[PDB]
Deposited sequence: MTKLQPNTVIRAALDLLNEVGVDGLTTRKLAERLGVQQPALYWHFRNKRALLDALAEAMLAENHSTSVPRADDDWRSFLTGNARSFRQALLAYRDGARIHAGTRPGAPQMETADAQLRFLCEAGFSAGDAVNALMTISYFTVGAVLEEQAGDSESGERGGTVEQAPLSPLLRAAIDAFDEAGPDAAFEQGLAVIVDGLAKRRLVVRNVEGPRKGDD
């Protein structure tokens, strides 16, 4: 794995300088006797990607009380907030692929949706599509804010698009 004290420090610096200004040399200048090394920046951002979810993605895993709508909705809501908790959250996540630990739990997501009446390809599609929508929505929210140096709510807009998405999936539950 890799130490928490180090990850916390990188997250906090990320809030200061965003992804573009975040480097491992600057990470060390923040910290200065337990050893750490990242294979490269991308590796740092993969770790932060994972950390963001560990800390905030709270209806990631299913629960007896869930039904399919309530899980995907909550799941999307919860993903989104993990992305929004940190500067450049969405950008960082892009192109990441869920890990070995994230795989076991990501297999639970499926075996629930199949349980509930979706086909295999439909279930992958429900997760990806929600995923693509969310990253998209957050990216636009985060950049619009981030770029302001040069109407009714990004939460509404998200919440709506997600409502539409859940309907079109219901057409094959």
| item | value |
| --- | --- |
| Coordinate gaps, deposited numbering | 1-3, 36-39, 158-179, 203-216 |
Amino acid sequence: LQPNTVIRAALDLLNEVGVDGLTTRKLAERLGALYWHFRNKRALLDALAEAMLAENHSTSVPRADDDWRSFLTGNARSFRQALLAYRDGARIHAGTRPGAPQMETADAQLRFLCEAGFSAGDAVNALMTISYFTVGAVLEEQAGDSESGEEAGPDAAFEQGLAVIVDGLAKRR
From here on, numbers count along this sequence of modelled residues.
| query | finding |
| --- | --- |
| Mean temperature factor over C-alpha atoms, higher-scoring stretch between 128-136 and 110-118 | 110-118 |
| 92-100 or 79-87, whichever carries the higher mean Cα B-factor | 92-100 |
| Which of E151, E159, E16, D20 ranks first by CA B-factor in the deposited coordinates | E151 |
| Residue with maximal Cα B-factor (values as given in the PDB entry) among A143, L27, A64, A51 | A64 |
| CA B-factor ranking of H37, expressed as a third of its chain | middle |
